[PDB]
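S.K.: Please find one structure pasted underneath; my questions will follow.
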Amino acid sequence: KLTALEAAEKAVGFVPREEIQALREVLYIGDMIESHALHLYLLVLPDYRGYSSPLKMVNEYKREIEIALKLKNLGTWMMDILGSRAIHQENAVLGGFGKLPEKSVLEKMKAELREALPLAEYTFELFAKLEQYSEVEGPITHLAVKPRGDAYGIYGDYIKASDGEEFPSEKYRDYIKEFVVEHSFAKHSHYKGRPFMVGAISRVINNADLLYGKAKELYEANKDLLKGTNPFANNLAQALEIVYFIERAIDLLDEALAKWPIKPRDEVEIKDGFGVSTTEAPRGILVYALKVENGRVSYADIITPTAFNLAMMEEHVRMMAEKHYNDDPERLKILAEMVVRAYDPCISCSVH
Amino acid sequence: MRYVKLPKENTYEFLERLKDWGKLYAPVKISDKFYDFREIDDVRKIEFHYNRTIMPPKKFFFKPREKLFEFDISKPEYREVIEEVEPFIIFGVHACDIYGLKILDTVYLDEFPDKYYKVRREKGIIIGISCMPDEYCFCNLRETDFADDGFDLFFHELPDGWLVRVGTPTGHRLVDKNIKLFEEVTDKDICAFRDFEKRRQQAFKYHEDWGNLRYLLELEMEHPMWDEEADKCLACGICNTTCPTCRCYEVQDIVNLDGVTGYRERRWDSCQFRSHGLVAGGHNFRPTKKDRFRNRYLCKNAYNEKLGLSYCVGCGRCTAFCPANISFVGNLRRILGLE
Amino acid sequence: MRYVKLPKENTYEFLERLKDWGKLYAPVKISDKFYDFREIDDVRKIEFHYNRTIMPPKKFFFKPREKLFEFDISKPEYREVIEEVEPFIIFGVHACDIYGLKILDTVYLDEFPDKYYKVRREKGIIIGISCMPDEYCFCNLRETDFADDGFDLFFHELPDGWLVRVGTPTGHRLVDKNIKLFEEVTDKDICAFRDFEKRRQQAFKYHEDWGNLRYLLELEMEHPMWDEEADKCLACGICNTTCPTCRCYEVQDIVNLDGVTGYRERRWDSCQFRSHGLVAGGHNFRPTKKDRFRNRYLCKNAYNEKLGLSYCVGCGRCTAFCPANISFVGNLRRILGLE
Amino acid sequence: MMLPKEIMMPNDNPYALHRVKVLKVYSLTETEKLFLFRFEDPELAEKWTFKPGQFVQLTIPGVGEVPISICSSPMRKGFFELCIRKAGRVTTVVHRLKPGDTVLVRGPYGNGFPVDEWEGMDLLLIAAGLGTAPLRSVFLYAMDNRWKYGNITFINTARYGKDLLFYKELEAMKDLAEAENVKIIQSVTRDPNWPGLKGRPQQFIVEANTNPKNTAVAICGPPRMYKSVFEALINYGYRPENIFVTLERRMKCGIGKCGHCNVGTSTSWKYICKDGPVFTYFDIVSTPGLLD
Amino acid sequence: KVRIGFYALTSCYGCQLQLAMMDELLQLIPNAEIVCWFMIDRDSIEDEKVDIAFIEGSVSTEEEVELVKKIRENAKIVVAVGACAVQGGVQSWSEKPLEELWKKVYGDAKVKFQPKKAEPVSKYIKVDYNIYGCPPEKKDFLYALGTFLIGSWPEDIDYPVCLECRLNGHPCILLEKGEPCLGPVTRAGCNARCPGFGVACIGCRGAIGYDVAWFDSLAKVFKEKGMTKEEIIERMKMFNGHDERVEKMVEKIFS
Ligand SMILES: Cc1cc2nc3c(=O)[nH]c(=O)nc-3n(C[C@H](O)[C@H](O)[C@H](O)COP(=O)(O)OP(=O)(O)OC[C@H]3O[C@@H](n4cnc5c(N)ncnc54)[C@H](O)[C@@H]3O)c2cc1C
Ligand SMILES: NC(=O)c1ccc[n+]([C@@H]2O[C@H](COP(=O)([O-])OP(=O)(O)OC[C@H]3O[C@@H](n4cnc5c(N)ncnc54)[C@H](OP(=O)(O)O)[C@@H]3O)[C@@H](O)[C@H]2O)c1
Ligand code: NFU
Ligand code: SF4
Ligand code: SF4
Ligand code: SF4
Ligand code: SF4
Ligand code: SF4
Ligand code: SF4
Ligand code: SF4
Ligand code: SF4
Ligand code: SF4
Ligand code: SF4
Ligand code: SF4
Ligand code: FES
Ligand SMILES: [Mg+2]
């Protein structure tokens, strides 16, 4: 929703106000918190803890599920307050919001973020205790967005690489190639003829120096685990990003409260144009290219993080399977599934 | 609701058939300009197009002079005088008088039902008729112009007959016994009814809203109008004795010449008389004529909780029958500032 | 009745003092053109000159969505959900809405008094205010323009302040606790009140008598107007969910995810919906949209026996808030032949 | 009836429900069961009396509540009976009730047949389909109070011979009823192979044993048969002031608040739970729309 | 224990996610046995006998039609969850044929899997009950699951969103700004979320069944406020793209 709003506003030549952009960033941070907590605790925790379902983990790992629910509820409540709901937000309109909450609700949101910061710390410790399998060690090309401003963030105009080069967001199809494979409804992506990775670990590797606060302290402490060579560092990078984004959301709420009261929405008149917005999704770079002609969409191009990550997923599953070749089929299946889940795949966004 | 139609040539035959149900009371001409409800022997005497009667229809239930008890002073015993009330039909009741009968029913059948009133009220069949207002009628201001219930048959005037509303099982039986004389209502009769309603609404003298009349009367009890209109007043009480919704009666015990027997008598009373608010020792709670004159306005403009309308229905009998040419509606509109 | 004057500079102080009695609900502006009764934190938000609210004042006693019971399915037990209602003040109620509250009281404080309604009706203090007619207001036709009772304090607009009517002991206590802010009514204030009443009567769009509306509606149930206006209808039920005197509700039992606990819920309903008349087996007693559309007119134009008024008070919410631009008063006047 | 503190609870809540237990379940037809109930409160059970023709609100916990007429006589104190047809959600849950289960009931509601002012006159009861149960209540009240009412006739009709309500009871009762000034007529309409009687009730009104001028008529069934039955009764000389019928509309409360059981027009607007369900002949005649 | 299976067709998994994020789902585990739900369970078997089957997503693959036929074979109650399963979702917004969309998106390339145009689940099997929304509300899931656990079934909704909009006192966007709000014809249960946030309804929960969805009156209301026929039709067919009533009812009022 927010990447589409950014693309449409770029196409129609509209610039949102600073407080509206801050509130949109808070909503996006809520989405990242919910998605990362949900992934970490309900999709990659049970297979590390020896279960087959998080619903079977209610009596043994009670505190872990409790903190999982608290983080997920914080993200869901942020999205319920700012967007209309946790899924398919409707309050995010062209040029702002249909209705903004009262000031006391924002104060309560800031207080709840402050309360949830220790939960993020515990999550980072719990996922630092886990294991990065050495069967998948190899050089990775990490692509991530260059943040706008002077802080680790989600909105950006440039796309960085682990090879050092950087290109403008609108020129993405000059450097990224989409091709269709005969075994999937998704389009695999290549960078200079080679597969690449986008995600939380790529974000950390590319924009580590932009972190500030407890996130920077934790990153400096645990830089040894966050090497851009193992795909299994993505979960720990997600925990680190939760830690960062709680504080970032607190600061953005302070910035928004500095300019109260806020008019919910600006009048936008739809001129023709072509806008490409590369915001950083919880799972990697999201590219939205929309062309507007007479108040209508004439050209749409969506490239999603999982479509970016599928080729690297195939390569790393190949190396994992060759390392665990001719073993018991169940063990190979579960380890390959763990490798795939390390990439937090959203198959729905792959096909869009 | 049943909407049977009575043709113009069967009206007198239906009125003759009404005499099979009891005694028929219909408005007849008692003088050149005055009407009254009198017992019918010749059906041609009934005046269907009349303005008002010299006496309200309450005289058939709240009798003008009634003997309540007969007594023996030795071994004190009061024996009630109740006669077997045979069924009777009151024909030609206007809608305002029907609402007045409803108001008097609320007064006389509320908690202690009046036996004398009830035995005659239960035996009366109220057949209402439509009317064209004259200069004295303001039943549209008091909202007593169209009757909802309280009748058995209601006759609505048509160019080629009548439209009959049946609202009671008694009216159903009356229609079904003489169904030969009745016909079916067509769209033409409905259009004629609509035209008559429009003409009736156009024929009223005053078209005003009187919501705040009670509060303005309360606020303006020290008006010079009260003095100037009471100086005209004759204290004759016609405005109360010819008012459909006046409940007041005076009681008296009359001893026969033997000194042992006698009777207790009930007659209509007026608040315009001296002894209406007179207590022992000489204290009158309405001592001056102005006080009684204003008290009538206050009482008639009061709000009836059970029905939702004022005790004044708007018949204009107090204005038409006032020998001193005092206008009730004119004084009320002067209080409201509409003059 | 007790008359007090509130000067223009003490109005906000009196409204601040009203918060000592409880929570204050007054009409505020929720959008550019719409009002509603909302809880007051800043007294300057109160709109004294408003036309109507997006929700009727019945939402404080007949709540829009209410939880009646909580139950355990094992050991069948229904426990009523009633909280201790603290006293509150509903300020700014127009006279039409006061009459609507009286009508809903007759509906919900009948032989089986509704506990949920009665508990909140006991603790509510209704302070009424005067208003100027809009193009949609026809409370003069329904006779709900001037309120007699049903309030505690009534505020009447004056050029140099307010005129306060005290009708109940609660209003007497409210006036006597803050008697420092009130004054004495002179003849000039009475004259100003009379002028405001004349202007208010002159500001109404329609001046007609609607006595025969029920009977004409009964006689004209096969009119082409019903089909014409029903084809415009959206069946959105706003005319019922915004009507002050609509009694209808729909009940539902919701079972919690444990399968043992749950609750019973009550929400406002509209006769414009399909399931209002569904009687199982597939039979609907109002099976067409025309049937429900006509049923609303029949129900709203019916006669309330206990009060003597129609169930429609004349606020115009069904005409103002109809998204299909369907005129209730216009269609009623089409039935009467006044167009 | 006007039972105090048990029809509205000491909490003054008219929606408050009483705990009752189902003792006997009996399948009359395929989509029909007869339920015998008693209140789990012994004092309430011994104090609960109703009128023939009144209904109750049967609350199955967690599903909803439905209005059911009482089919047993009010003089069979302690117990009351309900006859319920499976029409949908709530009745589907009701039909699974085995003996010994607890369900919630409030009532009685509405006005019943004026059996007190029917003293010393004949009784004609015309039941069609599911309308037998309220007329079963009236019939059993008359049988318990036989000295009060004169000749009684019971006409029961149904679409098929297997759908006749209380066929076994009325067939077993016919003996000693014919000798006890009671006539039972049972007929079918859509079954031309039925060994028993065939035809509509208006055909069997002439076969009644009731004096037409001194007979109270109680008719229950679909609203469509009412006009034909009225024509037949009026032709044979039954007085229109003594004809009573029952109507059904959608009910959610039974106390007059939900506004779903509305009949009539703007001239006479009435509610079934408060003004019925028993209506007189002149009420049906005056306002159209009460039938169909 | 009631055996419940949640199956995924072509979907965004919003309905499964909404059910998974409910805190009351922890109460469902002791009362119901979850057979097939791959999002949370890994030991889930596709071909198993389930008492109640919840189906999410549209039928956009031939393998999906085989799966829904299998589910209808294996389930006593089949429940369609969400706008994708009930009315085809937003994927059925376009009336353009499959080959045109395929050429526009994937070019001239082969995938070896067979797609099809989005259709509701009710076209290939018989759905006994429906759960409306996109995603469905938590209250809808609670009511449906609770009534199924008691042995009853949920009541279908035939009242518009305007009911909940007027219960909550939301300002009417259609009366003030003239916005194209689809609320008067859309099923309630969402508590008027979009009109409460100042947005217009886009009819995610779907149009009212039982032939009491009046697109002609709403089209006339839209036409008085200056909208062309095709704009109204596209707006109404955003989520009701498999509705045959919309085209006929709008073309009636524009003829
Ligand atoms: C005065 C009266 C007496 C009745 N007596 C009997 C009787 O003796 N035996 C019998 O089998 N049935 C009787 N009924 C009908 C009975 O109420 C319905 O069969 C039942 O309410 C429908 O149940 P359902 O599961 O089909 O509900 P659904 O069809 O799923 O509908 C749900 C709701 O609809 C309402 N409803 C549906 N049909 C009716 C109806 N006909 N009357 C009132 N509300 C209705 C109820 O409130 C019910 O909770 C009577 C109805 C009335 C009004
Ligand atoms: N429970 C009560 O005490 C009570 C009281 C009042 C109302 N009700 C309601 O009344 C209904 C009972 O009837 P039902 O639904 O079971 O009926 P039904 O059997 O489905 O059909 C009506 C029956 O009456 C016959 N019939 C006789 N004369 C008729 C006539 N003139 N017009 C039409 N049919 C005529 C029909 O013959 P055909 O098949 O040829 O038409 C058929 O046998 C239920 O809805 C019930 O709830 C019940
Ligand atoms: N994170 C993330 Fe998505 Ni469901 C992918 N791929 C789109 O933003
Ligand atoms: S009728 Fe006229 S003169 Fe006689 S008492 Fe009444 S007001 Fe006075
Ligand atoms: S006080 Fe006077 S006006 Fe009132 S009822 Fe008595 S006589 Fe009539
Ligand atoms: S006060 Fe006058 S107009 Fe009013 S009812 Fe009495 S006599 Fe008639
Ligand atoms: S007051 Fe009205 S009803 Fe009475 S006679 Fe005059 S016009 Fe007729
Ligand atoms: S508000 Fe208007 S469109 Fe909506 S249901 Fe009422 S009459 Fe119909
Ligand atoms: S029937 Fe219709 S108009 Fe009458 S109270 Fe119920 S919802 Fe309102
Ligand atoms: S019908 Fe219309 S005018 Fe009358 S009370 Fe209801 S909303 Fe107000
Ligand atoms: S209907 Fe009458 S009382 Fe109500 S707001 Fe309009 S003018 Fe005021
Ligand atoms: S109905 Fe909506 S939430 Fe559910 S799968 Fe389809 S698009 Fe997602
Ligand atoms: S805003 Fe939309 S949903 Fe709400 S009342 Fe208006 S039309 Fe209905
Ligand atoms: S208002 Fe309309 S679009 Fe918004 S949640 Fe409700 S049904 Fe869906
Ligand atoms: S059942 Fe609710 S009004 Fe009669
Ligand atoms: Mg793409």
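Ordered as shown in the structure tokens, chains take letters A, B, and onward, while each chain numbers its residues from 1 and ligands are numbered from 1 in the order shown.
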Starting from chain A, keep only residues with some atom at most 10 Å from an atom of chain E, counting only C-alpha atoms, and report them as a VMD selection string.
M.R.: chain A and resid 38 42 to 43 46 to 47 51 to 56 58 69 72 to 73 76 82 to 93 97 to 101 178 to 187 264 300 to 301 346 to 349 352
S.K.: Excluding segment 201-211 of chain C and its own-chain neighbours fewer than 5 positions away, which residues fall within 8 Å of it when counting only C-alpha atoms? Please give them as an MDAnalysis selection string.
M.R.: (chainID B and resid 140 143 145:146 201 209) or (chainID C and resid 132:138 140:141)
S.K.: If we count only C-alpha atoms, what is near residue 41 of chain C at a cut-off of 12 Å, once residues fewer than 3 positions away on the same chain are taken out, given as JSON, numbers by chain?
M.R.: {"C": [15, 16, 18, 19, 23, 24, 25, 26, 28, 38, 44, 45, 46]}
S.K.: Output the neighbourhood of ligand 8 as a PyMOL selection string, that is, all protein and nucleic acid residues with some atom at most 7 Å from the ligand, counting only C-alpha atoms and all ligand atoms.
M.R.: chain C and resi 232-240+272+293+318+321-326
S.K.: Using only C-alpha atoms, please write the residues we just selected to a file, as a PDB file, in the first residue's frame.
M.R.:
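Final file, selection_39.pdb:
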```
ATOM      1  CA  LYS C 232     -35.654   4.704  -5.957  1.00  0.00           C
ATOM      2  CA  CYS C 233     -35.150   3.052  -2.567  1.00  0.00           C
ATOM      3  CA  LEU C 234     -31.738   1.660  -1.627  1.00  0.00           C
ATOM      4  CA  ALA C 235     -33.041  -0.531   1.237  1.00  0.00           C
ATOM      5  CA  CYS C 236     -30.313   0.973   3.424  1.00  0.00           C
ATOM      6  CA  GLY C 237     -32.609   1.506   6.413  1.00  0.00           C
ATOM      7  CA  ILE C 238     -31.215   4.932   7.333  1.00  0.00           C
ATOM      8  CA  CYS C 239     -34.774   6.226   7.760  1.00  0.00           C
ATOM      9  CA  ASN C 240     -35.268   3.644  10.541  1.00  0.00           C
ATOM     10  CA  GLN C 272     -36.472  -2.112   5.035  1.00  0.00           C
ATOM     11  CA  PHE C 293     -41.273   0.871   1.911  1.00  0.00           C
ATOM     12  CA  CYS C 318     -35.619  10.401   7.190  1.00  0.00           C
ATOM     13  CA  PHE C 321     -30.403  11.657   5.560  1.00  0.00           C
ATOM     14  CA  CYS C 322     -31.943   9.690   2.689  1.00  0.00           C
ATOM     15  CA  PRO C 323     -29.127   9.106   0.155  1.00  0.00           C
ATOM     16  CA  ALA C 324     -31.708   8.555  -2.612  1.00  0.00           C
ATOM     17  CA  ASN C 325     -33.338  11.996  -2.120  1.00  0.00           C
ATOM     18  CA  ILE C 326     -36.756  10.547  -1.255  1.00  0.00           C
TER      19      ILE C 326
END
```
S.K.: Would you mind listing what lies within 12 Å of residue 269 of chain B as a list in words, with only C-alpha atoms counted and same-chain residues fewer than 5 positions away left out?
M.R.: residues 62, 63, 64, 65, 236, 237, 238, 239, 240, 241, 242, 243, 246, 247, 248, 249, 250, 251, 252, 274, 275, 276 and 277 of chain B
S.K.: Name all residues at most 9 Å from residue 117 of chain A (count only C-alpha atoms; drop same-chain ones fewer than 3 positions away) and give them as a compact mmCIF listing (two decimals) with C-alpha atoms, in the first residue's frame.
M.R.:
```
# COMPACT_ATOMS: atom_id res chain seq x y z
CA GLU A 112 3.73 0.53 24.18
CA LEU A 113 6.79 0.70 21.91
CA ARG A 114 8.88 1.59 24.97
CA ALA A 120 12.90 -7.14 21.11
CA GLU A 121 16.09 -7.53 23.14
CA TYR A 122 15.00 -10.97 24.38
CA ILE A 242 12.93 -5.28 15.16
CA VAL A 243 15.18 -3.81 17.86
CA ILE A 246 11.00 0.03 17.75
CA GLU A 247 13.29 2.95 18.64
```
S.K.: Could you pull the residues within 7 Å of residue 35 of chain E, counting only C-alpha atoms, minus those fewer than 6 positions along the same chain, as a ChimeraX atom specification?
M.R.: /E:3-5,44-45
S.K.: Kindly provide the residues of segment 69-156 of chain D that approach segment 30-43 of chain D to within 8 Å, each paired with its closest atom pair and their distance in Å to one decimal, based on only C-alpha atoms, listed by chain and increasing number, as a tab-separated table.
M.R.:
```
residue	atom	partner	partner_atom	distance
D:78	CA	D:38	CA	6.4
D:79	CA	D:38	CA	4.9
D:80	CA	D:37	CA	5.4
D:81	CA	D:36	CA	4.5
D:82	CA	D:35	CA	5.2
D:83	CA	D:34	CA	4.5
D:84	CA	D:33	CA	5.6
D:85	CA	D:32	CA	4.5
D:86	CA	D:31	CA	5.5
D:95	CA	D:33	CA	7.3
```
S.K.: With N, CA, C and O atoms retained, export the selected residues as an mmCIF file, in the first residue's frame.
M.R.:
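Everything below was put into result_8.cif:
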```cif
data_model
loop_
_atom_site.group_PDB
_atom_site.id
_atom_site.type_symbol
_atom_site.label_atom_id
_atom_site.label_comp_id
_atom_site.auth_asym_id
_atom_site.auth_seq_id
_atom_site.Cartn_x
_atom_site.Cartn_y
_atom_site.Cartn_z
ATOM 1 N N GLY D 78 -48.234 -28.336 37.063
ATOM 2 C CA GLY D 78 -46.916 -28.899 37.264
ATOM 3 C C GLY D 78 -46.171 -29.116 35.965
ATOM 4 O O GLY D 78 -44.961 -28.885 35.887
ATOM 5 N N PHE D 79 -46.888 -29.550 34.934
ATOM 6 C CA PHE D 79 -46.299 -29.863 33.644
ATOM 7 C C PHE D 79 -46.995 -29.073 32.545
ATOM 8 O O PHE D 79 -48.184 -28.760 32.640
ATOM 9 N N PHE D 80 -46.239 -28.747 31.500
ATOM 10 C CA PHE D 80 -46.804 -28.171 30.291
ATOM 11 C C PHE D 80 -46.119 -28.803 29.089
ATOM 12 O O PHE D 80 -44.996 -29.304 29.182
ATOM 13 N N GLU D 81 -46.813 -28.781 27.955
ATOM 14 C CA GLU D 81 -46.356 -29.457 26.752
ATOM 15 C C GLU D 81 -46.191 -28.469 25.606
ATOM 16 O O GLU D 81 -46.932 -27.490 25.494
ATOM 17 N N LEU D 82 -45.208 -28.746 24.752
ATOM 18 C CA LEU D 82 -44.959 -27.976 23.543
ATOM 19 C C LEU D 82 -44.845 -28.920 22.356
ATOM 20 O O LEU D 82 -44.225 -29.981 22.454
ATOM 21 N N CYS D 83 -45.444 -28.527 21.235
ATOM 22 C CA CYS D 83 -45.363 -29.267 19.983
ATOM 23 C C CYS D 83 -44.593 -28.422 18.977
ATOM 24 O O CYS D 83 -45.022 -27.315 18.638
ATOM 25 N N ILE D 84 -43.464 -28.943 18.499
ATOM 26 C CA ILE D 84 -42.495 -28.156 17.746
ATOM 27 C C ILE D 84 -42.191 -28.851 16.426
ATOM 28 O O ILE D 84 -41.893 -30.050 16.402
ATOM 29 N N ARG D 85 -42.261 -28.096 15.333
ATOM 30 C CA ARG D 85 -41.934 -28.583 14.000
ATOM 31 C C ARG D 85 -40.554 -28.080 13.597
ATOM 32 O O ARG D 85 -40.188 -26.941 13.893
ATOM 33 N N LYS D 86 -39.788 -28.938 12.927
ATOM 34 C CA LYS D 86 -38.431 -28.589 12.508
ATOM 35 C C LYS D 86 -38.516 -27.736 11.251
ATOM 36 O O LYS D 86 -38.749 -28.243 10.151
ATOM 37 N N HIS D 95 -34.929 -30.336 18.078
ATOM 38 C CA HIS D 95 -35.293 -31.721 17.797
ATOM 39 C C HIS D 95 -34.249 -32.726 18.270
ATOM 40 O O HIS D 95 -34.520 -33.931 18.236
#
```
